[PDB]
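S.K.: Below is the file data08.pdb, with PDB, C-alpha atoms (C1' of nucleotides).
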ATOM      1  CA  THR A 119      65.247 155.743-204.651  1.00  0.00           C
ATOM      2  CA  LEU A 120      63.918 158.626-202.452  1.00  0.00           C
ATOM      3  CA  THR A 121      66.377 157.865-199.612  1.00  0.00           C
ATOM      4  CA  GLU A 122      70.142 157.543-199.871  1.00  0.00           C
ATOM      5  CA  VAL A 123      72.455 155.216-198.046  1.00  0.00           C
ATOM      6  CA  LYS A 124      75.147 157.698-197.093  1.00  0.00           C
ATOM      7  CA  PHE A 125      78.118 155.873-195.624  1.00  0.00           C
ATOM      8  CA  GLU A 126      80.618 156.734-192.894  1.00  0.00           C
ATOM      9  CA  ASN A 127      83.645 155.117-191.269  1.00  0.00           C
ATOM     10  CA  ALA A 128      85.254 154.735-187.869  1.00  0.00           C
ATOM     11  CA  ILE A 129      89.016 154.825-187.385  1.00  0.00           C
ATOM     12  CA  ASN A 130      90.477 153.988-183.976  1.00  0.00           C
ATOM     13  CA  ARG A 131      93.996 155.336-183.578  1.00  0.00           C
ATOM     14  CA  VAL A 132      95.157 152.279-181.678  1.00  0.00           C
ATOM     15  CA  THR A 133      95.354 150.497-185.045  1.00  0.00           C
ATOM     16  CA  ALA A 134      93.683 152.787-187.688  1.00  0.00           C
ATOM     17  CA  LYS A 135      91.100 150.058-188.311  1.00  0.00           C
ATOM     18  CA  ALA A 136      88.073 150.759-190.506  1.00  0.00           C
ATOM     19  CA  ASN A 137      84.586 150.309-189.025  1.00  0.00           C
ATOM     20  CA  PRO A 138      81.773 151.427-191.365  1.00  0.00           C
ATOM     21  CA  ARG A 139      78.491 153.221-190.641  1.00  0.00           C
ATOM     22  CA  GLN A 140      75.490 154.121-192.813  1.00  0.00           C
ATOM     23  CA  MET A 141      73.303 157.186-192.236  1.00  0.00           C
ATOM     24  CA  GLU A 142      70.301 157.182-194.529  1.00  0.00           C
ATOM     25  CA  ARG A 143      69.086 160.730-195.044  1.00  0.00           C
ATOM     26  CA  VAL A 144      66.405 162.500-197.027  1.00  0.00           C
ATOM     27  CA  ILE A 145      67.061 163.655-200.587  1.00  0.00           C
ATOM     28  CA  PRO A 146      68.404 167.241-200.333  1.00  0.00           C
ATOM     29  CA  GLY A 147      65.676 168.666-202.546  1.00  0.00           C
ATOM     30  CA  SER A 148      62.767 167.021-200.727  1.00  0.00           C
ATOM     31  CA  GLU A 149      60.346 169.871-200.144  1.00  0.00           C
ATOM     32  CA  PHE A 150      57.710 169.506-197.424  1.00  0.00           C
ATOM     33  CA  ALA A 151      54.596 171.514-196.811  1.00  0.00           C
ATOM     34  CA  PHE A 152      54.520 173.277-193.470  1.00  0.00           C
ATOM     35  CA  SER A 153      51.432 174.443-191.631  1.00  0.00           C
ATOM     36  CA  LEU A 154      50.618 175.654-188.131  1.00  0.00           C
ATOM     37  CA  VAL A 155      47.729 177.578-186.617  1.00  0.00           C
ATOM     38  CA  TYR A 156      47.720 180.430-184.156  1.00  0.00           C
ATOM     39  CA  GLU A 157      44.681 181.614-182.218  1.00  0.00           C
ATOM     40  CA  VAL A 158      43.430 184.585-180.211  1.00  0.00           C
ATOM     41  CA  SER A 159      44.552 182.450-177.290  1.00  0.00           C
ATOM     42  CA  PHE A 160      41.776 183.226-174.814  1.00  0.00           C
ATOM     43  CA  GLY A 161      43.046 182.133-171.435  1.00  0.00           C
ATOM     44  CA  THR A 162      41.726 179.207-169.417  1.00  0.00           C
ATOM     45  CA  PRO A 163      43.585 180.251-166.264  1.00  0.00           C
ATOM     46  CA  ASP A 164      44.537 178.347-163.176  1.00  0.00           C
ATOM     47  CA  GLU A 165      45.631 181.815-162.067  1.00  0.00           C
ATOM     48  CA  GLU A 166      43.077 184.332-160.831  1.00  0.00           C
ATOM     49  CA  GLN A 167      43.287 186.443-164.036  1.00  0.00           C
ATOM     50  CA  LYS A 168      39.987 185.093-165.320  1.00  0.00           C
ATOM     51  CA  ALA A 169      39.015 185.676-168.978  1.00  0.00           C
ATOM     52  CA  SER A 170      42.280 187.385-169.925  1.00  0.00           C
ATOM     53  CA  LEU A 171      41.990 187.642-173.698  1.00  0.00           C
ATOM     54  CA  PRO A 172      45.278 188.338-175.532  1.00  0.00           C
ATOM     55  CA  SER A 173      44.977 191.403-177.741  1.00  0.00           C
ATOM     56  CA  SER A 174      47.027 192.110-180.878  1.00  0.00           C
ATOM     57  CA  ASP A 175      49.984 193.519-178.972  1.00  0.00           C
ATOM     58  CA  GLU A 176      50.461 190.220-177.168  1.00  0.00           C
ATOM     59  CA  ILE A 177      49.889 188.507-180.519  1.00  0.00           C
ATOM     60  CA  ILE A 178      52.463 190.608-182.384  1.00  0.00           C
ATOM     61  CA  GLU A 179      55.145 189.662-179.872  1.00  0.00           C
ATOM     62  CA  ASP A 180      54.627 185.998-180.755  1.00  0.00           C
ATOM     63  CA  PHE A 181      55.398 186.474-184.432  1.00  0.00           C
ATOM     64  CA  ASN A 182      58.879 187.558-183.434  1.00  0.00           C
ATOM     65  CA  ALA A 183      58.884 184.349-181.410  1.00  0.00           C
ATOM     66  CA  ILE A 184      57.735 182.749-184.642  1.00  0.00           C
ATOM     67  CA  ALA A 185      60.533 184.673-186.392  1.00  0.00           C
ATOM     68  CA  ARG A 186      63.336 183.904-183.937  1.00  0.00           C
ATOM     69  CA  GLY A 187      61.856 180.452-183.443  1.00  0.00           C
ATOM     70  CA  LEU A 188      62.626 179.426-187.002  1.00  0.00           C
ATOM     71  CA  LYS A 189      65.372 181.947-187.856  1.00  0.00           C
ATOM     72  CA  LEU A 190      67.822 180.029-185.706  1.00  0.00           C
ATOM     73  CA  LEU A 191      66.149 176.777-186.804  1.00  0.00           C
ATOM     74  CA  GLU A 192      67.196 177.514-190.379  1.00  0.00           C
ATOM     75  CA  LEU A 193      70.652 178.072-188.946  1.00  0.00           C
ATOM     76  CA  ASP A 194      70.493 175.022-186.695  1.00  0.00           C
ATOM     77  CA  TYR A 195      69.730 171.334-187.088  1.00  0.00           C
ATOM     78  CA  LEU A 196      66.574 169.306-187.198  1.00  0.00           C
ATOM     79  CA  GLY A 197      67.697 165.711-187.233  1.00  0.00           C
ATOM     80  CA  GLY A 198      70.111 163.288-185.652  1.00  0.00           C
ATOM     81  CA  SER A 199      73.769 162.551-186.353  1.00  0.00           C
ATOM     82  CA  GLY A 200      74.561 165.672-184.445  1.00  0.00           C
ATOM     83  CA  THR A 201      77.146 168.302-185.417  1.00  0.00           C
ATOM     84  CA  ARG A 202      78.231 166.605-188.639  1.00  0.00           C
ATOM     85  CA  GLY A 203      76.237 168.688-191.097  1.00  0.00           C
ATOM     86  CA  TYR A 204      72.841 167.030-191.536  1.00  0.00           C
ATOM     87  CA  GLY A 205      69.696 169.088-191.571  1.00  0.00           C
ATOM     88  CA  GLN A 206      70.482 172.554-192.816  1.00  0.00           C
ATOM     89  CA  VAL A 207      66.966 173.547-193.815  1.00  0.00           C
ATOM     90  CA  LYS A 208      65.513 176.673-195.372  1.00  0.00           C
ATOM     91  CA  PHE A 209      61.998 177.710-194.453  1.00  0.00           C
ATOM     92  CA  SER A 210      60.373 179.215-197.522  1.00  0.00           C
ATOM     93  CA  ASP A 211      57.127 181.012-198.450  1.00  0.00           C
ATOM     94  CA  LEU A 212      56.031 181.687-194.885  1.00  0.00           C
ATOM     95  CA  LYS A 213      52.566 183.205-194.638  1.00  0.00           C
ATOM     96  CA  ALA A 214      50.014 183.685-191.919  1.00  0.00           C
ATOM     97  CA  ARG A 215      46.360 183.614-192.891  1.00  0.00           C
ATOM     98  CA  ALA A 216      43.193 184.355-190.960  1.00  0.00           C
ATOM     99  CA  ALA A 217      41.561 180.983-191.534  1.00  0.00           C
ATOM    100  CA  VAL A 218      38.684 181.719-189.166  1.00  0.00           C
ATOM    101  CA  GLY A 219      38.228 184.641-186.864  1.00  0.00           C
ATOM    102  CA  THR A 220      37.562 188.370-186.745  1.00  0.00           C
ATOM    103  CA  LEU A 221      41.100 189.646-187.292  1.00  0.00           C
ATOM    104  CA  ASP A 222      41.350 193.180-188.635  1.00  0.00           C
ATOM    105  CA  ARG A 223      42.915 193.990-191.987  1.00  0.00           C
ATOM    106  CA  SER A 224      45.851 196.062-190.702  1.00  0.00           C
ATOM    107  CA  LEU A 225      47.187 193.407-188.338  1.00  0.00           C
ATOM    108  CA  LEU A 226      47.739 190.251-190.402  1.00  0.00           C
ATOM    109  CA  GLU A 227      49.933 191.857-193.056  1.00  0.00           C
ATOM    110  CA  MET A 228      52.184 193.172-190.294  1.00  0.00           C
ATOM    111  CA  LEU A 229      52.208 189.710-188.716  1.00  0.00           C
ATOM    112  CA  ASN A 230      53.852 188.522-191.937  1.00  0.00           C
ATOM    113  CA  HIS A 231      56.567 191.158-191.469  1.00  0.00           C
ATOM    114  CA  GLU A 232      58.154 189.072-188.721  1.00  0.00           C
ATOM    115  CA  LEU A 233      57.938 186.029-191.003  1.00  0.00           C
ATOM    116  CA  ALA A 234      60.263 187.602-193.583  1.00  0.00           C
ATOM    117  CA  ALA A 235      62.780 188.721-190.940  1.00  0.00           C
ATOM    118  CA  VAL A 236      64.342 185.251-190.693  1.00  0.00           C
TER     119      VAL A 236
ATOM    120  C1'   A B   1     -36.417 105.485-124.948  1.00  0.00           C
ATOM    121  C1'   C B   2     -31.101 112.879-124.359  1.00  0.00           C
ATOM    122  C1'   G B   3     -35.040 119.065-127.213  1.00  0.00           C
ATOM    123  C1'   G B   4     -33.125 114.214-129.374  1.00  0.00           C
ATOM    124  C1'   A B   5     -31.965 112.295-134.883  1.00  0.00           C
ATOM    125  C1'   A B   6     -30.070 114.690-140.024  1.00  0.00           C
ATOM    126  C1'   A B   7     -27.172 118.967-142.212  1.00  0.00           C
ATOM    127  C1'   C B   8     -20.396 122.190-145.755  1.00  0.00           C
ATOM    128  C1'   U B   9     -20.319 128.545-143.293  1.00  0.00           C
ATOM    129  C1'   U B  10     -20.804 127.207-149.045  1.00  0.00           C
ATOM    130  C1'   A B  11     -20.845 128.986-154.457  1.00  0.00           C
ATOM    131  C1'   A B  12     -18.388 132.420-157.863  1.00  0.00           C
ATOM    132  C1'   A B  13     -14.324 137.549-158.655  1.00  0.00           C
ATOM    133  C1'   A B  14      -6.709 138.577-161.635  1.00  0.00           C
ATOM    134  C1'   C B  15      -4.078 143.507-156.541  1.00  0.00           C
ATOM    135  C1'   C B  16      -4.704 144.628-161.285  1.00  0.00           C
ATOM    136  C1'   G B  17      -4.311 149.135-165.120  1.00  0.00           C
ATOM    137  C1'   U B  18      -0.502 154.126-166.679  1.00  0.00           C
ATOM    138  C1'   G B  19       5.563 154.657-166.072  1.00  0.00           C
ATOM    139  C1'   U B  20      12.864 154.769-170.158  1.00  0.00           C
ATOM    140  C1'   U B  21      17.691 154.511-164.271  1.00  0.00           C
ATOM    141  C1'   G B  22      16.893 159.340-167.877  1.00  0.00           C
ATOM    142  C1'   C B  23      19.309 164.276-168.868  1.00  0.00           C
ATOM    143  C1'   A B  24      24.668 168.240-168.786  1.00  0.00           C
ATOM    144  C1'   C B  25      30.575 165.731-169.259  1.00  0.00           C
ATOM    145  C1'   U B  26      37.448 165.731-174.750  1.00  0.00           C
ATOM    146  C1'   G B  27      41.226 160.327-171.742  1.00  0.00           C
ATOM    147  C1'   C B  28      43.072 165.686-171.777  1.00  0.00           C
ATOM    148  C1'   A B  29      47.832 169.232-170.633  1.00  0.00           C
ATOM    149  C1'   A B  30      53.818 168.915-171.101  1.00  0.00           C
ATOM    150  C1'   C B  31      58.216 166.376-173.701  1.00  0.00           C
ATOM    151  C1'   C B  32      63.643 166.618-180.447  1.00  0.00           C
ATOM    152  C1'   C B  33      64.816 159.315-181.271  1.00  0.00           C
ATOM    153  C1'   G B  34      68.849 162.984-179.342  1.00  0.00           C
ATOM    154  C1'   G B  35      74.018 162.552-178.306  1.00  0.00           C
ATOM    155  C1'   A B  36      80.783 161.479-179.696  1.00  0.00           C
ATOM    156  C1'   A B  37      83.558 157.252-185.012  1.00  0.00           C
ATOM    157  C1'   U B  38      88.257 159.617-191.611  1.00  0.00           C
ATOM    158  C1'   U B  39      86.074 155.284-196.387  1.00  0.00           C
ATOM    159  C1'   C B  40      90.367 154.346-194.550  1.00  0.00           C
ATOM    160  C1'   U B  41      96.146 152.801-194.503  1.00  0.00           C
ATOM    161  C1'   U B  42     100.635 148.825-198.877  1.00  0.00           C
ATOM    162  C1'   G B  43     100.800 150.131-204.385  1.00  0.00           C
ATOM    163  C1'   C B  44     105.587 153.808-210.404  1.00  0.00           C
ATOM    164  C1'   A B  45     101.830 151.972-217.032  1.00  0.00           C
ATOM    165  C1'   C B  46     105.392 149.165-217.392  1.00  0.00           C
ATOM    166  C1'   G B  47     108.726 145.019-218.814  1.00  0.00           C
ATOM    167  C1'   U B  48     110.130 143.937-224.695  1.00  0.00           C
ATOM    168  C1'   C B  49     113.923 145.871-230.116  1.00  0.00           C
ATOM    169  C1'   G B  50     118.386 140.714-234.769  1.00  0.00           C
TER     170        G B  50
END
Once you've parsed the file, please lay out its structure as structure tokens.
M.R.:
Amino acid sequence: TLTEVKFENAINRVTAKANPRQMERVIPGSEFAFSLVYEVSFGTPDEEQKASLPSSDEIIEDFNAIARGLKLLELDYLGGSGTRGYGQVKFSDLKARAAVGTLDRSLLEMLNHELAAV
RNA sequence: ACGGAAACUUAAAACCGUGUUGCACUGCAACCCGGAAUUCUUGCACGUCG
């Protein structure tokens, strides 16, 4: 059926009366693909620092921000019905890939080193 | 029988022919459909044997 009807209940301690609730979730094995693109991020600045191209050292900071972005996200939620247990996810098979660009060989394999640190 | 009396300033001819209101321009940048609710409280596998 691809989507459960997971129930719930309310109990008010004035009278212990039952009030139901239904929280339809995803199936807990539903795997999704997951893509995102980074870039060499060449600045279009309002600020006076005109044509400030990020080099690899500014790039390699961001993969830790990719790491600690999703490392806590695996630990934390995604969805609603907050703080009752829904949405423990596990990001798997993370890989960066120079789709288009002139990235050097040494860099990209070290950019995946942050991706396994989660 | 007045230097008198008669007479068109008249006939035709195109202000026409060549010519783009055209070329450069992201309806774009930022935001979680997110927060708090017990599937619960009453309930014995048993009456029945000349």
S.K.: What lies within 9 Å of residue 128 in chain A using only C-alpha atoms (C1' of nucleotides), ignoring chain neighbours under 3 positions off, as number ranges by chain?
M.R.: A: 134-139; B: 37-40
S.K.: If I take CA of residue 127 in chain A and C1' of residue 32 in chain B, how far is one from the other in Å, to one decimal?
M.R.: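 Here the two named atoms are 25.5 Å from each other.
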S.K.: If we count all atoms listed in the file and set the cut-off at 8 Å, which residues sit around range 186-189 of chain A, ignoring sequence neighbours fewer than 6 positions away in its own chain? Please answer as a tab-separated table (two decimals) with C-alpha atoms, in the coordinates of the input.
M.R.:
chain	number	residue	atom	x	y	z
A	209	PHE	CA	62.00	177.71	-194.45
A	235	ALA	CA	62.78	188.72	-190.94
A	236	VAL	CA	64.34	185.25	-190.69
S.K.: Run the PyMOL selection byres ((chain A and resi 143-159) around 6) on the file and write out the hits as a list in words.
M.R.: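 Applied to this file, the PyMOL selection byres ((chain A and resi 143-159) around 6) returns residues 121, 122, 142 and 160 of chain A.
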S.K.: Compare B:34, B:50, B:45, B:15 by their minimum atom-to-atom distance to chain A, counting only C-alpha atoms (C1' of nucleotides), and give me the closest one.
M.R.: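 Closest to chain A of all the choices is B:34.
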S.K.: Given all atoms listed in the file as the basis, pick out the residue of A:212, A:120, A:196, A:177 nearest to chain B.
M.R.: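 Counting all atoms listed in the file, the residue closest to chain B is A:196.
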S.K.: Where's the centre, and what are the edge lengths in Å to one decimal, of a box along x, y and z enclosing all listed atoms of range 207-216 of chain A padded 3 Å per side, as JSON?
M.R.:
{"center_x": 55.1, "center_y": 179.0, "center_z": -194.7, "size_x": 29.8, "size_y": 16.8, "size_z": 13.5}
S.K.: Got a minute to add N, CA and C atoms to range 150-184 of chain A and dump it as a tab-separated table (two decimals), keeping the file's coordinate frame?
M.R.:
chain	number	residue	atom	x	y	z
A	150	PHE	N	58.89	169.85	-198.20
A	150	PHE	CA	57.71	169.51	-197.42
A	150	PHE	C	56.81	170.72	-197.28
A	151	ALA	N	55.50	170.47	-197.23
A	151	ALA	CA	54.60	171.51	-196.81
A	151	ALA	C	54.76	171.75	-195.31
A	152	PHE	N	54.25	172.87	-194.84
A	152	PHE	CA	54.52	173.28	-193.47
A	152	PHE	C	53.38	174.17	-193.01
A	153	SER	N	52.55	173.66	-192.12
A	153	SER	CA	51.43	174.44	-191.63
A	153	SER	C	51.44	174.44	-190.11
A	154	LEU	N	50.80	175.46	-189.56
A	154	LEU	CA	50.62	175.65	-188.13
A	154	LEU	C	49.55	176.72	-187.96
A	155	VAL	N	48.83	176.66	-186.85
A	155	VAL	CA	47.73	177.58	-186.62
A	155	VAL	C	48.00	178.34	-185.33
A	156	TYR	N	47.77	179.64	-185.37
A	156	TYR	CA	47.72	180.43	-184.16
A	156	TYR	C	46.27	180.74	-183.85
A	157	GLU	N	46.03	181.30	-182.67
A	157	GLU	CA	44.68	181.61	-182.22
A	157	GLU	C	44.71	182.89	-181.39
A	158	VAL	N	43.52	183.40	-181.06
A	158	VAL	CA	43.43	184.58	-180.21
A	158	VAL	C	43.62	184.22	-178.74
A	159	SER	N	43.79	182.93	-178.44
A	159	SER	CA	44.55	182.45	-177.29
A	159	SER	C	43.88	182.76	-175.96
A	160	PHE	N	42.55	182.76	-175.95
A	160	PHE	CA	41.78	183.23	-174.81
A	160	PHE	C	41.97	182.32	-173.61
A	161	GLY	N	42.44	182.90	-172.51
A	161	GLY	CA	43.05	182.13	-171.44
A	161	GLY	C	42.03	181.30	-170.67
A	162	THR	N	42.39	180.05	-170.41
A	162	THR	CA	41.73	179.21	-169.42
A	162	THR	C	42.63	179.13	-168.19
A	163	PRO	N	42.54	180.08	-167.27
A	163	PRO	CA	43.58	180.25	-166.26
A	163	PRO	C	43.37	179.47	-164.98
A	164	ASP	N	44.42	178.74	-164.58
A	164	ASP	CA	44.54	178.35	-163.18
A	164	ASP	C	44.67	179.57	-162.29
A	165	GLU	N	45.43	180.55	-162.76
A	165	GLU	CA	45.63	181.82	-162.07
A	165	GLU	C	44.33	182.60	-162.01
A	166	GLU	N	44.30	183.59	-161.11
A	166	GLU	CA	43.08	184.33	-160.83
A	166	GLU	C	42.69	185.30	-161.95
A	167	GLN	N	43.56	185.52	-162.94
A	167	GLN	CA	43.29	186.44	-164.04
A	167	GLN	C	42.29	185.80	-165.00
A	168	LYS	N	41.03	185.79	-164.58
A	168	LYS	CA	39.99	185.09	-165.32
A	168	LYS	C	39.58	185.88	-166.56
A	169	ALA	N	39.44	185.15	-167.67
A	169	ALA	CA	39.02	185.68	-168.98
A	169	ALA	C	39.96	186.76	-169.50
A	170	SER	N	41.25	186.46	-169.46
A	170	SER	CA	42.28	187.38	-169.92
A	170	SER	C	42.54	187.09	-171.40
A	171	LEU	N	41.86	187.83	-172.26
A	171	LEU	CA	41.99	187.64	-173.70
A	171	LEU	C	43.23	188.35	-174.22
A	172	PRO	N	44.14	187.66	-174.90
A	172	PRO	CA	45.28	188.34	-175.53
A	172	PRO	C	44.82	189.21	-176.69
A	173	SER	N	45.24	190.47	-176.66
A	173	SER	CA	44.98	191.40	-177.74
A	173	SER	C	46.13	191.33	-178.74
A	174	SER	N	46.10	192.21	-179.76
A	174	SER	CA	47.03	192.11	-180.88
A	174	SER	C	48.46	192.40	-180.46
A	175	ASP	N	48.64	193.18	-179.41
A	175	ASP	CA	49.98	193.52	-178.97
A	175	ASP	C	50.67	192.33	-178.31
A	176	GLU	N	49.90	191.48	-177.63
A	176	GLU	CA	50.46	190.22	-177.17
A	176	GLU	C	50.64	189.25	-178.32
A	177	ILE	N	49.78	189.36	-179.34
A	177	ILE	CA	49.89	188.51	-180.52
A	177	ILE	C	51.13	188.86	-181.32
A	178	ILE	N	51.37	190.16	-181.53
A	178	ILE	CA	52.46	190.61	-182.38
A	178	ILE	C	53.83	190.42	-181.74
A	179	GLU	N	53.89	190.12	-180.45
A	179	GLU	CA	55.14	189.66	-179.87
A	179	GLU	C	55.47	188.25	-180.34
A	180	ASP	N	54.43	187.42	-180.49
A	180	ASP	CA	54.63	186.00	-180.76
A	180	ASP	C	55.15	185.75	-182.16
A	181	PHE	N	54.90	186.67	-183.08
A	181	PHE	CA	55.40	186.47	-184.43
A	181	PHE	C	56.89	186.71	-184.51
A	182	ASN	N	57.43	187.54	-183.62
A	182	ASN	CA	58.88	187.56	-183.43
A	182	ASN	C	59.35	186.25	-182.83
A	183	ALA	N	58.56	185.68	-181.91
A	183	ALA	CA	58.88	184.35	-181.41
A	183	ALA	C	58.66	183.30	-182.48
A	184	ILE	N	57.76	183.56	-183.43
A	184	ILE	CA	57.74	182.75	-184.64
A	184	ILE	C	58.96	183.03	-185.50
